[PDB]
Every structure is written in C-alpha cells, then in structure tokens.
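Content type compact mmCIF, C-alpha atoms, from the file coords_33.txt:
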# COMPACT_ATOMS: atom_id res chain seq x y z
CA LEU A 1365 88.23 -32.75 37.69
CA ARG A 1366 84.75 -33.82 38.77
CA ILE A 1367 84.39 -36.05 35.70
CA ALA A 1368 87.78 -37.68 36.28
CA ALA A 1369 86.87 -38.31 39.92
CA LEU A 1370 83.50 -39.79 38.92
CA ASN A 1371 85.17 -42.07 36.37
CA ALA A 1372 87.71 -43.25 38.94
CA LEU A 1373 84.92 -43.86 41.47
CA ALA A 1374 82.76 -45.81 39.00
CA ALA A 1375 85.70 -48.16 38.43
CA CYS A 1376 85.20 -49.42 42.01
CA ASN A 1377 82.20 -51.53 41.01
CA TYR A 1378 83.71 -54.69 42.53
CA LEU A 1379 83.98 -53.49 46.14
CA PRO A 1380 80.69 -54.50 47.82
CA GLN A 1381 81.13 -52.11 50.75
CA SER A 1382 81.43 -49.07 48.48
CA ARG A 1383 78.44 -49.57 46.21
CA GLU A 1384 75.84 -47.46 48.04
CA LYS A 1385 78.11 -44.39 48.16
CA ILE A 1386 79.23 -44.84 44.55
CA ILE A 1387 75.62 -45.22 43.36
CA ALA A 1388 74.69 -42.08 45.29
CA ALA A 1389 77.53 -40.11 43.69
CA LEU A 1390 76.64 -41.43 40.23
CA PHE A 1391 73.01 -40.41 40.66
CA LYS A 1392 74.09 -36.98 41.91
CA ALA A 1393 76.19 -36.53 38.77
CA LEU A 1394 73.40 -37.90 36.57
CA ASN A 1395 71.04 -35.24 37.97
CA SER A 1396 73.50 -32.35 37.60
CA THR A 1397 72.27 -29.19 35.89
CA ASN A 1398 75.64 -29.01 34.13
CA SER A 1399 75.33 -30.68 30.73
CA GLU A 1400 78.87 -32.08 30.66
CA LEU A 1401 78.54 -33.42 34.21
CA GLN A 1402 75.15 -34.94 33.31
CA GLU A 1403 76.61 -36.75 30.30
CA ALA A 1404 79.59 -37.91 32.35
CA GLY A 1405 77.21 -39.23 35.00
CA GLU A 1406 75.29 -41.18 32.38
CA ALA A 1407 78.48 -42.67 30.93
CA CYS A 1408 79.89 -43.54 34.36
CA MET A 1409 76.61 -45.18 35.37
CA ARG A 1410 76.69 -47.21 32.16
CA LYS A 1411 80.24 -48.33 32.97
CA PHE A 1412 79.34 -49.07 36.60
CA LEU A 1413 76.39 -51.26 35.59
CA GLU A 1414 78.71 -53.45 33.51
CA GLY A 1415 80.13 -54.92 36.72
CA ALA A 1416 77.53 -54.12 39.39
CA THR A 1417 73.79 -54.57 39.84
CA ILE A 1418 71.51 -51.79 41.06
CA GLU A 1419 68.10 -52.42 42.60
CA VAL A 1420 64.85 -50.85 41.44
CA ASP A 1421 64.29 -49.45 44.95
CA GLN A 1422 67.63 -47.64 44.75
CA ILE A 1423 66.69 -46.13 41.39
CA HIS A 1424 63.30 -44.98 42.66
CA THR A 1425 64.74 -43.50 45.87
CA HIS A 1426 67.48 -41.63 44.01
CA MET A 1427 65.08 -40.35 41.33
CA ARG A 1428 62.25 -39.42 43.71
CA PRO A 1429 63.25 -35.72 44.07
CA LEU A 1430 63.13 -35.24 40.29
CA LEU A 1431 59.96 -37.27 39.71
CA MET A 1432 58.10 -35.30 42.38
CA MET A 1433 59.22 -31.98 40.87
CA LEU A 1434 57.99 -32.79 37.35
CA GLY A 1435 54.34 -32.82 38.46
CA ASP A 1436 53.92 -29.35 36.94
CA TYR A 1437 54.71 -28.70 33.29
CA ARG A 1438 56.74 -25.55 33.95
CA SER A 1439 59.31 -27.66 35.83
CA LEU A 1440 60.22 -29.50 32.60
CA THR A 1441 63.33 -27.64 31.58
CA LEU A 1442 65.57 -29.08 28.87
CA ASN A 1443 67.95 -30.28 31.59
CA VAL A 1444 65.13 -32.12 33.39
CA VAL A 1445 64.02 -33.87 30.20
CA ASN A 1446 67.65 -34.77 29.49
CA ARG A 1447 67.95 -36.31 32.96
CA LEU A 1448 64.75 -38.30 32.41
CA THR A 1449 66.12 -39.44 29.04
CA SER A 1450 69.34 -40.64 30.67
CA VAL A 1451 67.38 -42.45 33.39
CA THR A 1452 65.15 -44.23 30.89
CA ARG A 1453 68.17 -45.17 28.77
CA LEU A 1454 70.04 -46.66 31.74
CA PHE A 1455 66.96 -48.08 33.51
CA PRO A 1456 64.17 -48.73 30.96
CA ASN A 1457 61.91 -50.41 33.54
CA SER A 1458 61.71 -47.25 35.68
CA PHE A 1459 58.97 -45.49 33.69
CA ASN A 1460 55.47 -46.87 33.15
CA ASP A 1461 52.28 -45.98 31.27
CA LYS A 1462 51.09 -43.31 33.71
CA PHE A 1463 54.41 -41.49 33.37
CA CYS A 1464 53.81 -41.50 29.61
CA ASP A 1465 50.34 -40.02 30.13
CA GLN A 1466 51.76 -37.28 32.35
CA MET A 1467 54.45 -36.55 29.77
CA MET A 1468 51.74 -36.36 27.11
CA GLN A 1469 49.84 -33.76 29.13
CA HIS A 1470 53.02 -31.75 29.68
CA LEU A 1471 53.86 -31.99 25.98
CA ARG A 1472 50.41 -30.68 25.06
CA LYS A 1473 50.88 -27.70 27.35
CA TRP A 1474 54.39 -26.99 26.03
CA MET A 1475 53.15 -27.20 22.43
CA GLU A 1476 50.43 -24.69 23.28
CA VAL A 1477 53.16 -22.46 24.74
CA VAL A 1478 55.20 -22.87 21.53
CA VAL A 1479 52.16 -21.85 19.47
CA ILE A 1480 51.50 -18.83 21.71
CA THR A 1481 55.13 -17.73 21.45
CA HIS A 1482 55.08 -18.13 17.66
CA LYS A 1483 51.88 -16.07 17.43
CA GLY A 1484 53.46 -13.37 19.58
CA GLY A 1485 56.49 -13.19 17.30
CA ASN A 1491 64.04 -23.20 24.09
CA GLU A 1492 60.43 -24.37 24.27
CA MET A 1493 60.87 -26.01 20.86
CA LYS A 1494 63.79 -28.01 22.28
CA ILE A 1495 61.74 -28.97 25.34
CA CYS A 1496 58.93 -30.18 23.05
CA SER A 1497 61.34 -32.10 20.80
CA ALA A 1498 63.08 -33.74 23.76
CA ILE A 1499 59.73 -34.72 25.32
CA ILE A 1500 58.68 -36.36 22.05
CA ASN A 1501 62.06 -38.12 21.91
CA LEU A 1502 61.50 -39.42 25.45
CA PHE A 1503 58.53 -41.56 24.38
CA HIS A 1504 60.38 -44.00 22.12
CA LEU A 1505 62.93 -44.78 24.85
CA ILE A 1506 60.28 -45.89 27.38
CA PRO A 1507 59.42 -49.56 26.63
CA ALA A 1508 56.14 -49.11 28.53
CA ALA A 1509 54.90 -46.46 26.09
CA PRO A 1510 51.66 -47.90 24.65
CA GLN A 1511 50.56 -47.82 21.03
CA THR A 1512 47.56 -45.78 22.24
CA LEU A 1513 49.88 -42.76 22.48
CA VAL A 1514 50.25 -42.58 18.69
CA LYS A 1515 46.92 -40.87 18.03
CA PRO A 1516 47.20 -38.05 20.63
CA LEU A 1517 50.85 -37.51 19.70
CA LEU A 1518 50.04 -37.20 16.00
CA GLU A 1519 47.08 -34.95 16.79
CA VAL A 1520 49.10 -32.54 18.93
CA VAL A 1521 51.99 -32.42 16.46
CA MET A 1522 49.58 -31.77 13.58
CA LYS A 1523 47.79 -29.05 15.55
CA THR A 1524 51.05 -27.31 16.47
CA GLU A 1525 52.45 -27.53 12.94
CA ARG A 1526 49.19 -26.26 11.42
CA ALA A 1527 49.19 -23.33 13.85
CA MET A 1528 52.83 -22.51 13.06
CA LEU A 1529 52.48 -23.36 9.33
CA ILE A 1530 55.69 -25.40 9.21
CA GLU A 1531 56.38 -28.72 7.50
CA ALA A 1532 60.02 -28.71 6.36
CA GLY A 1533 61.38 -26.82 9.36
CA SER A 1534 59.40 -28.82 11.92
CA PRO A 1535 61.71 -30.33 14.59
CA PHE A 1536 59.00 -32.73 15.79
CA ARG A 1537 59.36 -35.14 12.86
CA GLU A 1538 62.72 -36.61 13.88
CA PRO A 1539 61.63 -37.96 17.32
CA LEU A 1540 58.07 -38.71 16.24
CA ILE A 1541 59.24 -41.00 13.44
CA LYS A 1542 61.37 -42.81 16.02
CA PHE A 1543 58.25 -43.38 18.12
CA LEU A 1544 56.05 -44.31 15.15
CA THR A 1545 58.49 -46.95 13.90
CA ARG A 1546 58.10 -48.70 17.26
CA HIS A 1547 54.38 -49.22 16.52
CA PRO A 1548 54.25 -49.30 12.71
CA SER A 1549 51.00 -51.26 12.30
CA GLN A 1550 49.11 -48.79 14.50
CA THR A 1551 50.50 -45.81 12.58
CA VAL A 1552 49.71 -47.33 9.18
CA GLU A 1553 46.17 -48.28 10.21
CA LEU A 1554 45.56 -44.80 11.62
CA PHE A 1555 46.80 -43.06 8.48
CA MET A 1556 45.28 -45.53 5.99
CA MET A 1557 41.75 -44.72 7.16
CA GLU A 1558 39.59 -43.40 4.32
CA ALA A 1559 38.72 -40.09 6.00
CA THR A 1560 42.37 -39.62 6.99
CA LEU A 1561 43.52 -40.39 3.43
CA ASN A 1562 41.04 -37.78 2.19
CA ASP A 1563 42.17 -35.13 4.70
CA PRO A 1564 45.08 -33.55 2.78
CA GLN A 1565 47.08 -32.54 5.86
CA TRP A 1566 47.14 -36.07 7.28
CA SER A 1567 47.91 -37.53 3.85
CA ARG A 1568 50.86 -35.14 3.49
CA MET A 1569 52.15 -36.04 6.95
CA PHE A 1570 51.85 -39.75 6.10
CA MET A 1571 53.72 -39.33 2.81
CA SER A 1572 56.45 -37.33 4.55
CA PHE A 1573 56.86 -40.02 7.21
CA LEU A 1574 56.98 -42.81 4.62
CA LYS A 1575 59.77 -41.02 2.74
CA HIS A 1576 62.02 -40.97 5.83
CA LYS A 1577 65.15 -43.09 6.09
CA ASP A 1578 64.06 -44.62 9.41
CA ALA A 1579 60.54 -45.43 8.18
CA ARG A 1580 61.47 -48.89 6.90
CA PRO A 1581 59.10 -50.61 9.40
CA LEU A 1582 56.17 -48.51 8.14
CA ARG A 1583 56.92 -49.35 4.51
CA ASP A 1584 57.34 -53.02 5.42
CA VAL A 1585 53.94 -52.99 7.15
CA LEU A 1586 52.33 -51.38 4.10
CA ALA A 1587 54.05 -53.76 1.67
CA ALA A 1588 52.92 -56.86 3.59
CA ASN A 1589 49.27 -56.28 2.56
CA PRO A 1590 49.05 -55.28 -1.12
CA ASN A 1591 45.33 -56.14 -1.12
CA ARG A 1592 44.67 -52.92 0.83
CA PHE A 1593 45.66 -50.87 -2.24
CA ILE A 1594 43.35 -52.85 -4.58
CA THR A 1595 40.33 -51.38 -2.78
CA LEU A 1596 41.69 -47.85 -3.37
CA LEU A 1597 42.47 -48.35 -7.06
CA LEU A 1598 39.29 -47.20 -8.75
CA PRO A 1599 36.59 -49.90 -9.34
CA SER A 1612 30.41 -35.95 -5.63
CA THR A 1613 31.55 -39.30 -4.24
CA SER A 1614 33.69 -39.94 -7.34
CA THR A 1615 36.01 -37.09 -6.28
CA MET A 1616 36.90 -38.96 -3.08
CA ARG A 1617 37.65 -42.21 -4.93
CA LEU A 1618 40.03 -40.49 -7.36
CA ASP A 1619 41.82 -38.84 -4.43
CA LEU A 1620 42.14 -42.24 -2.73
CA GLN A 1621 43.56 -43.68 -5.97
CA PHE A 1622 46.10 -40.85 -6.17
CA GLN A 1623 47.11 -41.43 -2.54
CA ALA A 1624 47.44 -45.17 -3.21
CA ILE A 1625 49.63 -44.65 -6.29
CA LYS A 1626 51.79 -42.21 -4.30
CA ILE A 1627 52.24 -44.73 -1.46
CA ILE A 1628 53.09 -47.47 -3.96
CA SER A 1629 55.59 -45.10 -5.61
CA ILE A 1630 57.26 -44.49 -2.24
Could you express the structure from this file as structure tokens?
Amino acid sequence: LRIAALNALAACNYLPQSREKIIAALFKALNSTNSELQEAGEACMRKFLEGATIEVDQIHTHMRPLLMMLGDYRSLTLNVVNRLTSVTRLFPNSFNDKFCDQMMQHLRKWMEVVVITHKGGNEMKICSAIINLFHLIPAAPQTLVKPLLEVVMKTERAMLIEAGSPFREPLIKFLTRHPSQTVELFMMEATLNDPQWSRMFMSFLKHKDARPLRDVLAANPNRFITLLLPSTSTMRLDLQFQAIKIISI
C-alpha cells in the first residue's frame, strides 16, 4: 500500500505547489530501513525526476540526518550503504572527494572487523557494498586505487581467499573506471615480482568487465619488449613469464 501511494504521489511531478511535499515523501521512502520501501523510493524518485527538477540544497537538507550519522564506522549498516548507493545513483553530484576518503577509512575499519571475525571463527556485505559505492561516485579520484587495492589484498591475505572473495566484483568495477592508473600500478617491476600482486592482476585481467584494462595494456606493446629477456637473472625470467601470461590473456 505504501509503495502504491508513493508511486501515485510521484506521478504528480507537474503540480508546482505539491513538489516540496512530494520530494519530502520520496526522500522519506528513500531512507526507509525497509528494503522494499527503499527500492520503491529510489524508483519513484527516478520517475519523479523525469518531469521535475530538484535542487542541490533540497538534496543536502533531506540527506543531512543520514550524512551526520555516518561519521562513525559502526553506523554503516547494509541499509545505510544501500541508501547512500541510491542517493549517489540518483544524484551523482552529491558526494565529493572527502566523502570518498571517509568511506575509505570506514572500509578499512570494516575490513579489519571482517578479518577479526574470520580469525575468531553481514560485515562482508557491508564491505562489498562500500567498495561498490566508490565506482558510482563520479568524484572518486584515481588516487583511491592504491589504498583500495592494498586493503583488499591485506584482507584477502589474512583470510586466505581468492576464488571466494566477494571484493573482486565491485573492485573491478572501480578499477575499470581508472584503467591506466591500475595498469601502471600493477605493471611496476617490484609489483610484477611480488607473486600476490601479480596473481591479483592476472585475475582482474581475466574478468569479463576488464576490457578497459586489456585495452590500456594493448595500446602500448613496447612495454612488454622491456620484459622479454634481453641472482638478478631470476627476477628477469619471472618478469618474462608475467609478460607472456599478460600477452596470453
């Protein structure tokens, strides 16, 4: 009933007198702890925006209670991250670089909590959703790639998981947004020698969505020619093997 009422209300996008009340109701539904009501709020807001504008001040005022609450990392429940995801999908401008830095800090703390829980034996879903949030914020800088890769590698190494890791699916979405930065970070000599990073690079390159990364690598074949061979000799043969594996992919 609430969803049907919200859908009927969002259809009144053309009445200029109504808009403030409708926008308030849509933001209330978009922030609902109920999952179905949250999704309905997102869909109704998307429909409402097709025929009505909404100001940035309205978005900030309506989202202020949630943004103030997420100052601490324990406040980031899966519902809160879902609401932030919906807000950044509807209103990409809303979130800036400092929000990305705060989300990075919270993600680091939640990954530490995931590692602690694994050592002792929803936090994995919180972590995955937080990683997924980054690629939907247009203001997310390429400088996030290195800390994000470092924290994911640390968590996976602690948990000893590669195939079952749920961090790869959102991370590859973020990496494909900055493919040159990712390729240059992984194609460093020390990083190509470090077997864990080389494995993570090969796994990312094999992904279906990793076409931008492979296109970036393919655009400069001359990079491989330095790695094809002209205790140091052990490193050069490893670099040649990594090069031939990348070319094979």
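Nearest-residue note for residue 1409 (chain A): choosing from A:1454, A:1395, A:1429, A:1423, the minimum distance belongs to A:1454, counting only C-alpha atoms.
Pairwise distance (CA of residue 1398 (chain A), CA of residue 1443 (chain A)) equals 8.2 Å.
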Q | Point-to-point distance from CA of residue 1452 (chain A) to CA of residue 1552 (chain A), Å rounded to tenths | A | 26.8 Å
Q) So which residues fall inside 10 Å of (55.8, -34.6, 30.5) if we count all atoms listed in the file? Mind giving them as a PyMOL selection string? A) chain A and resi 1434-1440+1445+1448+1463-1474+1495-1496+1498-1500+1502-1503
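CA of residue 1534 (chain A) lies 28.7 Å from CA of residue 1406 (chain A).
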Will you model N, CA, C and O atoms for region 1596-1626 of chain A and pass it back as a PDB file, in the frame of the given file?
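After the write, rebuild02.pdb holds the following:
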ATOM      1  N   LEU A1596      41.567 -49.281  -3.096  1.00  0.00           N
ATOM      2  CA  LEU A1596      41.690 -47.850  -3.370  1.00  0.00           C
ATOM      3  C   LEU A1596      41.883 -47.546  -4.848  1.00  0.00           C
ATOM      4  O   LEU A1596      41.487 -46.467  -5.302  1.00  0.00           O
ATOM      5  N   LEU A1597      42.497 -48.455  -5.603  1.00  0.00           N
ATOM      6  CA  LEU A1597      42.470 -48.350  -7.060  1.00  0.00           C
ATOM      7  C   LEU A1597      41.042 -48.428  -7.573  1.00  0.00           C
ATOM      8  O   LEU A1597      40.275 -49.311  -7.182  1.00  0.00           O
ATOM      9  N   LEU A1598      40.689 -47.485  -8.448  1.00  0.00           N
ATOM     10  CA  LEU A1598      39.290 -47.200  -8.750  1.00  0.00           C
ATOM     11  C   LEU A1598      38.590 -48.428  -9.330  1.00  0.00           C
ATOM     12  O   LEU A1598      39.122 -49.067 -10.247  1.00  0.00           O
ATOM     13  N   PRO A1599      37.401 -48.791  -8.822  1.00  0.00           N
ATOM     14  CA  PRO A1599      36.590 -49.900  -9.340  1.00  0.00           C
ATOM     15  C   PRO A1599      36.322 -49.806 -10.837  1.00  0.00           C
ATOM     16  O   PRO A1599      35.791 -48.792 -11.291  1.00  0.00           O
ATOM     17  N   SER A1612      29.093 -36.498  -5.932  1.00  0.00           N
ATOM     18  CA  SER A1612      30.410 -35.950  -5.630  1.00  0.00           C
ATOM     19  C   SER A1612      31.301 -36.993  -4.967  1.00  0.00           C
ATOM     20  O   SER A1612      32.428 -36.699  -4.569  1.00  0.00           O
ATOM     21  N   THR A1613      30.781 -38.217  -4.847  1.00  0.00           N
ATOM     22  CA  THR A1613      31.550 -39.300  -4.240  1.00  0.00           C
ATOM     23  C   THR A1613      32.736 -39.703  -5.115  1.00  0.00           C
ATOM     24  O   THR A1613      33.764 -40.151  -4.594  1.00  0.00           O
ATOM     25  N   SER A1614      32.614 -39.546  -6.436  1.00  0.00           N
ATOM     26  CA  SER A1614      33.690 -39.940  -7.340  1.00  0.00           C
ATOM     27  C   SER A1614      34.964 -39.128  -7.094  1.00  0.00           C
ATOM     28  O   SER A1614      36.067 -39.612  -7.371  1.00  0.00           O
ATOM     29  N   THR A1615      34.832 -37.899  -6.588  1.00  0.00           N
ATOM     30  CA  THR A1615      36.010 -37.090  -6.280  1.00  0.00           C
ATOM     31  C   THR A1615      36.848 -37.740  -5.178  1.00  0.00           C
ATOM     32  O   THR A1615      38.083 -37.731  -5.239  1.00  0.00           O
ATOM     33  N   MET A1616      36.188 -38.297  -4.162  1.00  0.00           N
ATOM     34  CA  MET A1616      36.900 -38.960  -3.080  1.00  0.00           C
ATOM     35  C   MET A1616      37.645 -40.198  -3.566  1.00  0.00           C
ATOM     36  O   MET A1616      38.778 -40.456  -3.144  1.00  0.00           O
ATOM     37  N   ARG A1617      37.027 -40.970  -4.460  1.00  0.00           N
ATOM     38  CA  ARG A1617      37.650 -42.210  -4.930  1.00  0.00           C
ATOM     39  C   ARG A1617      38.888 -41.929  -5.769  1.00  0.00           C
ATOM     40  O   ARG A1617      39.888 -42.650  -5.667  1.00  0.00           O
ATOM     41  N   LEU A1618      38.856 -40.874  -6.584  1.00  0.00           N
ATOM     42  CA  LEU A1618      40.030 -40.490  -7.360  1.00  0.00           C
ATOM     43  C   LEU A1618      41.152 -39.950  -6.477  1.00  0.00           C
ATOM     44  O   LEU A1618      42.332 -40.221  -6.740  1.00  0.00           O
ATOM     45  N   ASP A1619      40.807 -39.251  -5.396  1.00  0.00           N
ATOM     46  CA  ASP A1619      41.820 -38.840  -4.430  1.00  0.00           C
ATOM     47  C   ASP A1619      42.434 -40.049  -3.732  1.00  0.00           C
ATOM     48  O   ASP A1619      43.652 -40.097  -3.526  1.00  0.00           O
ATOM     49  N   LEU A1620      41.611 -41.028  -3.353  1.00  0.00           N
ATOM     50  CA  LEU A1620      42.140 -42.240  -2.730  1.00  0.00           C
ATOM     51  C   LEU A1620      43.046 -43.003  -3.690  1.00  0.00           C
ATOM     52  O   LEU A1620      44.083 -43.531  -3.278  1.00  0.00           O
ATOM     53  N   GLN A1621      42.676 -43.070  -4.970  1.00  0.00           N
ATOM     54  CA  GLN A1621      43.560 -43.680  -5.970  1.00  0.00           C
ATOM     55  C   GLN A1621      44.883 -42.937  -6.092  1.00  0.00           C
ATOM     56  O   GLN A1621      45.943 -43.568  -6.197  1.00  0.00           O
ATOM     57  N   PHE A1622      44.850 -41.604  -6.103  1.00  0.00           N
ATOM     58  CA  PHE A1622      46.100 -40.850  -6.170  1.00  0.00           C
ATOM     59  C   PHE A1622      46.969 -41.078  -4.935  1.00  0.00           C
ATOM     60  O   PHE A1622      48.190 -41.250  -5.052  1.00  0.00           O
ATOM     61  N   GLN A1623      46.355 -41.134  -3.750  1.00  0.00           N
ATOM     62  CA  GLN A1623      47.110 -41.430  -2.540  1.00  0.00           C
ATOM     63  C   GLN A1623      47.710 -42.831  -2.584  1.00  0.00           C
ATOM     64  O   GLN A1623      48.857 -43.042  -2.171  1.00  0.00           O
ATOM     65  N   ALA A1624      46.946 -43.799  -3.088  1.00  0.00           N
ATOM     66  CA  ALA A1624      47.440 -45.170  -3.210  1.00  0.00           C
ATOM     67  C   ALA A1624      48.636 -45.244  -4.149  1.00  0.00           C
ATOM     68  O   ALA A1624      49.640 -45.892  -3.836  1.00  0.00           O
ATOM     69  N   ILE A1625      48.524 -44.632  -5.328  1.00  0.00           N
ATOM     70  CA  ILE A1625      49.630 -44.650  -6.290  1.00  0.00           C
ATOM     71  C   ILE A1625      50.856 -43.941  -5.725  1.00  0.00           C
ATOM     72  O   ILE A1625      51.990 -44.380  -5.944  1.00  0.00           O
ATOM     73  N   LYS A1626      50.659 -42.867  -4.959  1.00  0.00           N
ATOM     74  CA  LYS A1626      51.790 -42.210  -4.300  1.00  0.00           C
ATOM     75  C   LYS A1626      52.454 -43.093  -3.246  1.00  0.00           C
ATOM     76  O   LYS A1626      53.689 -43.152  -3.166  1.00  0.00           O
TER      77      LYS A1626
END
